[PDB]
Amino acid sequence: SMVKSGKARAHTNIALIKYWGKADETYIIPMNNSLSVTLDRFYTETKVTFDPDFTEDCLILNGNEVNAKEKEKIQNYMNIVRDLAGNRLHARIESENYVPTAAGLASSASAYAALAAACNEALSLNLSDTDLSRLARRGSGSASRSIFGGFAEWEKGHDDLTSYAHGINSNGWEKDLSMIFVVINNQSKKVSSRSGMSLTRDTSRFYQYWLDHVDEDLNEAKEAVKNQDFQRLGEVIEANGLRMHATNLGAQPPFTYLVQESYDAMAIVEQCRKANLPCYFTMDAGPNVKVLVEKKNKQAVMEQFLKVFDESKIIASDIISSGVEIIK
């Protein structure tokens, strides 16, 4: 009778125009806008239960305790929630990732968007989509975008109030598109995108080059979406993604997320283009290659990869039209 709960499902998203580097490390304010598509196949379901008897926040992930470290980090995030709601209630958070994390797919975007929405629901905060995006953003930058379906854009702003995402209307175009995930063999050594982007943003000799072109890329991609022009969107996003990886090469000292196998998959995309199967690739904080393709060519493109790659390593998802949702 004194316990408040809410549960939400939020889907992962992949940046076509990259978020890479922060203006503000504390509040997670980015150096540039980003543009993403939200994936139907992969998502996180998160329940939060607030109870006055709880003395601290507890996080249960895929049925298992998290270590004292994750627990510490989740408690700090929930302080933001408590401050926002004006209460001192602690919560038990029970989360399930339905994201291929072992295969290298990121879950922080769906995780924080799900948590943000679940809290809004549990506490009856009535946050707008803008304020939900802002709350999610404090947990993970890319989470700001997972509040939304289809195409979404993160507006960088200049502070906590002005940095947030919104959904882009594409006249239903997202329903015609898909993404193929090529799972690429990589080392299982620890990697962090927050840490990588910070080293690059602070020291990279090629970071200015990234900054000088990103707005142009973004405008070009947005214009391509307004026109449902697949080739035009693809060319700029593929180039934007490669420029992002270029910046890491200029870091002090340099680094890369790509491995030879990543390059083999890229070669396959170009082969597909020359054989009249339009598609374009992007890569994130890892070697996995993501292939944007029109839904009607999804299978034809997949068969080309399935010549080279194990069946288990080629995973396609549609792009979902709806945004974060409240569930049982």
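When you see a residue number, it is the position in the sequence shown, counting from 1.
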### Query
How about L123: is it missing from at least a third of the other entries compared?
no
### Query
Would you say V191 is missing from a third or more of the other compared entries?
yes
### Query
So 1 to 9 or 318 to 326, which one's hotter by mean CA B-factor in the entry?
1 to 9
### Segment of higher mean CA temperature factor, 257 to 265 or 49 to 57
49 to 57
### Task
Compare the CA B factors listed in the entry for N33, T38, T282, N276 and report the winner.
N276
### Message
Among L161, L132, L115, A91, where is the Cα B factor highest in this entry?
### Response
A91
### Query
What third of its chain, lowest, middle or highest, does the C-alpha temperature factor of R243 fall into?
lowest
### Query
C-alpha B factor of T101, ranked within the chain: lowest, middle or highest third?
lowest
### Query
What third of its chain's C-alpha B-factors does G139 belong to: lowest, middle or highest?
middle
### Task
Check where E223 lands among this chain's C-alpha B-factors and tell me if it's the lowest, middle or highest third.
highest
### Query
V308's Cα B-factor: lowest, middle or highest third of the chain?
highest
